[PDB]
Amino acid sequence: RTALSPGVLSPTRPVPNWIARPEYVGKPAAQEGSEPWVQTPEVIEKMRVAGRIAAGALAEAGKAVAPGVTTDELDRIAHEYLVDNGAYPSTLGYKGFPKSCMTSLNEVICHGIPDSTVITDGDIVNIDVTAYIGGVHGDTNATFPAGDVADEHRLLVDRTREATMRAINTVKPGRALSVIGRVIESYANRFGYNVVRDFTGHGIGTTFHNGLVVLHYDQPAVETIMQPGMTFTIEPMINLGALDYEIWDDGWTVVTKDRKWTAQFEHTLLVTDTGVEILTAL
Ligand code: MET
Ligand SMILES: [Co+2]
Ligand SMILES: [Co+2]
Ligand code: NA
């Protein structure tokens, strides 16, 4: 199983004119980065809708993960699930991104572009989907095995899922945001994995990346305290190898320099009055 290279991008997939686009579609940047971290009750309830739809899309596309399938196909499936439920795929036209979800195989850390790449026996495939509906986003991802995956890679996926759910369980009002990355990086280090530092979780609401940053490593200098109504993602990328990466000339696809494999999981979370709610629960 050799290092991946780009395949053929299929043309831009249509979205029915009736489905409202985020403001940033077509534009080189997005109007985001200064939105409130705590959401109104209206936006929280809308975020439950968007979260459930994104979770649905992710689960539909994950079911298609099998040897012989292309990344493009997974995109087709997610895109059609979103459009059928009246959601806009938030990645489509986000800063020029050409597709409806991100598909990241093996050594690809994140941000892979669905294309003619054919999945083979033993691969690990992250699908990251975001839904825009009711003026709000819902963002989720998971790494799926394709055929007979090596124990080393089954364990990386299972331990990344676990690091994610452990971090989710720390979320409660009055706790320091920094606890999340402490819990993840401790669990990853227990098995001699390395957490990706350059890519982080984010606040999400009426905007995709609202300015709130959630680190997945231990950084106790962050002073932010979790507050009821705060919405953000936890989305650690966990590497078997070193952290050093390259970005392909597509300007998106991020790959490990040593070509060792890496896994990621993501939910969108609400800080409740007493704990957490997973908005992107299936
Ligand atoms: C740099 S755009 C990445 C989109 C992805 N859905 C995320 O979780 O942010
Ligand atoms: Co995502
Ligand atoms: Co995200
Ligand atoms: Na990967």
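Method of determination for the deposited model, per the PDB record: X-ray crystallography, at 1.6300 Å resolution.

The name given to the protein chain in the PDB entry is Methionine aminopeptidase, and the organism recorded there is Mycobacterium tuberculosis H37Ra. The UniProt entry for the protein chain carries the following text under Subunit (unreviewed entry): "Monomer."

Re the coordination of the cobalt ion (ligand 2)
Note on the cobalt ion (ligand 2): its protein donors are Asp128 (OD), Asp128 (OD), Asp139 (OD) and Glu266 (OE). The metal-donor distances range over 2.0 to 2.2 Å. Geometry at the cobalt ion (ligand 2) is irregular, judged from its 6 donor atoms and the angles of 59 to 174° they form at the metal. Read in sequence order, the donor residues for the cobalt ion (ligand 2) give the motif D-x10-D-x126-E. In this structure, the cobalt ion (ligand 2) is positioned 3.3 Å from the cobalt ion (ligand 3), and both are ligated by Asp139. Remark: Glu266 occurs in the loop between β13 (262-264) and β14 (267-271) and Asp128 occurs in strand β4 (residues 124-133); sequence separation between them is 138 residues.

Some thoughts on the site of ligand 1
Around ligand 1, the structure places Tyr94, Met102, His111, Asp128, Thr130, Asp139, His202, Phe208, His209, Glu235, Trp252 and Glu266. The contact in question runs from a nitrogen atom of ligand 1 to an N or O atom on the side chain of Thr130, over 3.0 Å. Its atoms largely coinciding with the cavity grid, ligand 1 occupies the largest pocket. The class makeup of the residues in the shell around ligand 1 is 4 nonpolar, 4 polar and 4 charged.

Brief notes about helix α4 (residues 179-190)
Taking 1.5 Å of rise per residue, 12 residues should cover 16 Å, and α4 covers 17 Å from first to last C-alpha, within 8% of that figure. Burial in α4 covers these residues: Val179, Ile180, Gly181, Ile184, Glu185, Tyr187 and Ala188. Where α4 is buried, its residues meet α3 (151-168), β6 (194-195), β8 (213-214), β9 (231-234) and β10 (237-239). One or two steps after α4, the chain reaches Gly192, where phi turns positive at roughly 60°.

Here's the deal with the packing of aromatic side chains
Enumeration over the complete set of coordinates arrives at 6 aromatic pairs. Judged by centre distance (4.8 Å) and plane angle (50°), the rings of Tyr94 and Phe208 are tilted. Placement of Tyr94 in the loop between β1 (88-89) and β2 (101-105) and of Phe208 in the loop between β7 (201-202) and β8 is noted, with a sequence separation of 114 residues between them. Taken as a pair, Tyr94 and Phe208 share a single burial class, namely buried. A connected cluster of aromatic rings, assembled from ring pairs, spans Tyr24, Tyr94 and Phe208. Positioned above the aromatic ring of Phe191 is the side chain of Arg159, whose terminal nitrogen or guanidinium carbon lies 3.8 Å from the ring centre.

Rules used in this analysis
- Residues numbered from 1 in each chain as written, not as in the entry; some residues may be left out.
- Chains lettered and ligands numbered in written order.
- Heavy atoms only, no water.
- UniProt positions renumbered as here; feature names shortened; annotations may be inferred.
- Donors = N, O, S within 2.8 Å, 3.2 Å for Na, K, Ca; no water.
- Tetrahedral: all angles 85-135°; square planar, octahedral: opposite > 155°, others 65-115°.
- Helix = DSSP H or I, 4+ residues; strand = E, 2+ residues; numbered from the N terminus.
- Near = heavy atom within 4 Å.
- Polar contact = N/O pair within 3.5 Å; in protein donor to acceptor, adjacent residues only side chain to side chain.
- 1 Å grid on protein atoms, 1.4 Å probe; cavity = no way out; pocket = protein on both sides within 12 Å on 5 of 7 lines; lining within 4 Å.
- Sits in = over half its atoms within 2 Å of the grid points.
- Nonpolar A, V, L, I, M, F, W, Y, C, P; charged D, E, K, R; others polar.
- Expected span 1.5 Å × (residues − 1).
- Buried < 20%, exposed > 50% of the residue type's maximum accessible area, 1.4 Å probe, protein only.
- Contact = heavy atoms within 4.5 Å.
- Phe/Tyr/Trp six-rings, centres within 6.5 Å; stacked < 30°, edge-to-face > 60°.
- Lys NZ or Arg CZ within 6 Å of the ring centre and 35° of its normal.

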